[PDB]
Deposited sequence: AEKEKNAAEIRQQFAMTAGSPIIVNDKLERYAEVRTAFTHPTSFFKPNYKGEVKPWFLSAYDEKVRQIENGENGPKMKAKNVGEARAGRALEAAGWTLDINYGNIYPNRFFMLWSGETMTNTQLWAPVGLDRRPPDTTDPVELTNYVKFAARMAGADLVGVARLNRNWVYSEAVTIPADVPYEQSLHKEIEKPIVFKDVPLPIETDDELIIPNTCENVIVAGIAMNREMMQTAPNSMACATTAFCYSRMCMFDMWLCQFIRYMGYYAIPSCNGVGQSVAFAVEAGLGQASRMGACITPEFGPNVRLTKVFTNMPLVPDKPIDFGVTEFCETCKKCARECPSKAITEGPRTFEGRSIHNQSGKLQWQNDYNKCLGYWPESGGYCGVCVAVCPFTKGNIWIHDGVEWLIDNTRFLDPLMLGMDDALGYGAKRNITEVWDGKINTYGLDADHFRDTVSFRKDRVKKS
């Protein structure tokens, strides 16, 4: 199996693959089901209406008390139930309020000047010296090498399509301390202006018009843990990867800054990761709505960094995902909340949570979020059942690579079973080896 061959075989010609029409407008981040008032509140198992994550907390507590790893899923004993939630909670250690979405706060600073690392290194002046390399070809090789050092299992580059940048971000005022953050969230416009550096004013988050490129990283989750969806160990691989995302953004932004350019981190903030990932060639959009990659299927998290560093955009990829999703529908049939549509793609949003004006399968994400308090986790059944999440999809017929159509026709054992560093799998880790030829052409 040769992942590089596969990507070469299915590479497209240049151009954003996402089909759009005239009703497309940039999307206010507050509209996501996590944040919007119509979906933010959910009942707990006692019928009390709370912020959804607090209702989910109540269900986690109830499951531990009852020795369960998930809804109606008995654990080996209470200690096993306890251990799954402890692993999940610890995974979030380097993530603020589930996703690091507030731009230019906490870990997501838009300038490195106040960071302890920048201060320590200031006598070398790497962040003030003009770039010594401006060649996009060399820069792309350098920045992708750095990206792999920084924990990315996949990395791609695209020109920044502003359609996918949130019109307004969810954030907090700069004078609000952490313990009040969840009570003091606000909206703030993201605007593009003729300014030298990313800068935040009292009224606006300002991205320079020179911010040409976006670097997208894929952060692979653990197959065995995700297959326990919707139970606790799927929550744990999700959580650990959010902290890997945060480390990646900070590492990479600092490299870019020390190369003489600016860099904006984001994790789950700033813009829509799936669209950037598609335009950067990591994978294709899917019925469930995730980016499906050849290496990991949808079982991979995304983050991204925006920069004026000259780079060579990668080519999009088309390995037949749209055509398999047309006939598969497994995620839609298994979804415990019936959130995923079984119908065709449209340009018309299903509800406020969807951005209209782009051709996609339109899913009801309030229904999805509604299952999270009920199950006490982050579900993931769609990711777990997707055939592309299986590690064994690719076959070679003597001429070229193809997808095996036959693929589309417990937690104690996970704790006692195979694991490796960062939950990566040595049986497949060769798929993400990288030489210069697969970083830049």
Exercise for review: Could you please spell out the deposited residue ranges that have no C-alpha entry in the coordinates?
Suggested key: 1-4, 414-430, 463-464
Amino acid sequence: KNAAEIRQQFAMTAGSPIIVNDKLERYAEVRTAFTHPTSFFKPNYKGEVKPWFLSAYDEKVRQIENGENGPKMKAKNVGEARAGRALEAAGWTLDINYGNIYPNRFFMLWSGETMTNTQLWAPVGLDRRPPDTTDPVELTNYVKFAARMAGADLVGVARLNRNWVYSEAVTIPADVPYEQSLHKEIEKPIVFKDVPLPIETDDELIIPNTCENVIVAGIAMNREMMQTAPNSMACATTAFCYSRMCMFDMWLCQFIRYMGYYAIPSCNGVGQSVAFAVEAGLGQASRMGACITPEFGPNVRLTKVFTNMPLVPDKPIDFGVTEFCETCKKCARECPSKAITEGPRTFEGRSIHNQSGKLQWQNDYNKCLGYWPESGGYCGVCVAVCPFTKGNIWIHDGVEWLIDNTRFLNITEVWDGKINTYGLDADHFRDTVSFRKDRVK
From here on, numbers count along this sequence of modelled residues.
Check your understanding: Is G398 one of the residues left unmodelled in a third or more of the other entries compared?
Key -> yes
Exercise for review: Find out whether the coordinates of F408 are absent in at least a third of the other compared PDB entries of the same protein.
Suggested key: yes
Review point. 324-332 versus 98-106: which one carries the higher mean Cα B factor per the record?
Key: 324-332
Practice item. Could you check the entry and say whether 19-27 or 417-425 has the higher mean CA B-factor? Key: 19-27
Study note, to complete from the structure: Residue set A89, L282, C253, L182, per-entry CA B-factor max assigned to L182
Study note, to complete from the structure: Among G218, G271, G84, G370, the highest C-alpha B-factor in the PDB entry belongs to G370
Exercise for review: Taking the values exactly as deposited, rank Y378 by C-alpha B-factor within its chain and report the matching third: lowest, middle or highest.
Suggested key: lowest
Practice item. Grab the CA temperature factor for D397 from the record and place it in the lowest, middle or highest third of its chain. Key: middle
Review point. By the record's CA B-factor, is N213 among the lowest, middle or highest third of residues in the chain?
Key: middle
Review point. According to the PDB entry, is the CA B factor of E168 in the bottom, middle or top third of its chain, that is, lowest, middle or highest?
Key: middle
Practice item. Check where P298 lands among this chain's C-alpha B-factors and tell me if it's the lowest, middle or highest third. Key: lowest
